[PDB]
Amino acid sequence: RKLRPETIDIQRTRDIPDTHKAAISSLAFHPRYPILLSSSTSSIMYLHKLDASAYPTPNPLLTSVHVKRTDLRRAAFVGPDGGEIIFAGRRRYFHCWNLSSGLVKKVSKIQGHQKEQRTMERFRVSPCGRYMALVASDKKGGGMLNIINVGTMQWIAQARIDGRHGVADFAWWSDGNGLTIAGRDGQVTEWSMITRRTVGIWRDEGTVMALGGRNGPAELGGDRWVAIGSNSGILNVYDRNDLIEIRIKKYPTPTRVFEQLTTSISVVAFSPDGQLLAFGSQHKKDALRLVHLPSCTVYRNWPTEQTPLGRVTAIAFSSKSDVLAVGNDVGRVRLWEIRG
């Protein structure tokens, strides 16, 4: 049964066993199985099975990967089946790890567009797993996204956005038909894969951005919500149905403005079922909040002033929205069970 506003049933469960001082940089749940992929600044990736009652050790390490001489910033399961993992750091290549074969491959060349990527660090893989979007730059310095077919690693499309300082953050529409691209100029661009052009541009009245929720506008990707955070600690949430006047509204009104946090928003994530939204700040200990959707009401019973979190640097929800993983800058990954 659906979650309810205000009060939530959430209970600390057992840690991820393996922990070094090196700050967590990436957390993701396998799109199907109770498997957690965690990632470190130390360029080590862990895959842990989720099992709080496992003997001898709860949540047993499945495997680990260390590609040396590589920085590591972002790792992600590819597609609905999550058979492969793509990972990259502040470098001009990335890697594709196949989970079945243990085969790790290096990818360093996008034909005809090599100059355009500073690094391969800032990528998002489409939900279907067929496409990769990368932050790129035109010849004069202008920001854009290059879109790449993952299978062939060939360029297929490109989305240019305004503002000299480029792209702050971005995300695939959940139906794979387009992207939302937050500029560093305060504008947000809705760009369509179907027309391969900009649908419209609106003003956020940023640092990090996320999309979530079921049954948003079908003609703009299907996500109900866009959440945008800033250096001030404020999180703006817009009902994406309110983005359409296709003409995009220039100055849409947030459904909710969150003022609970006073320091820079570093993390924001929607649960896959679209009922929860979490957001936080690493510049302050225990600066994390949890929100019910569609009410946009903040949970008051969790976290408490006792809840151990630390300086949060990563968060993720399981494929069934019943586990919340929270990584901090001292390398701890803690877990909480979520019951309806």
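Numbers for residues come from their place in the sequence shown, where the first is 1.
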{"item": "Sequence continuity check, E245 and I246 (deposited residues unmodelled)", "value": "10 or more"}
{"item": "Gap size between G206 and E205, counted in deposited residues that the entry leaves unmodelled", "value": "4 to 9"}
{"item": "167 to 175 versus 149 to 157 - greater average Cα B-factor per the deposited record", "value": "149 to 157"}
{"item": "Average Cα temperature factor in the PDB entry - higher stretch of 77 to 85, 118 to 126", "value": "77 to 85"}
{"item": "Peak C-alpha temperature factor (PDB record), options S264, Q111, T255, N98", "value": "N98"}
{"item": "Selection by C-alpha B-factor (highest) of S295, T313, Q275, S42", "value": "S42"}
{"item": "Among modelled residues of the same chain, the CA temperature factor third for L290", "value": "lowest"}
{"item": "Modelled-residue ranking by C-alpha temperature factor, third containing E219", "value": "middle"}
{"item": "CA B-factor ranking of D71, expressed as a third of its chain", "value": "highest"}
{"item": "B-factor third for the C-alpha atom of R240 within its chain", "value": "lowest"}
{"item": "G143 - which third its CA temperature factor falls in, relative to the rest of the chain", "value": "lowest"}
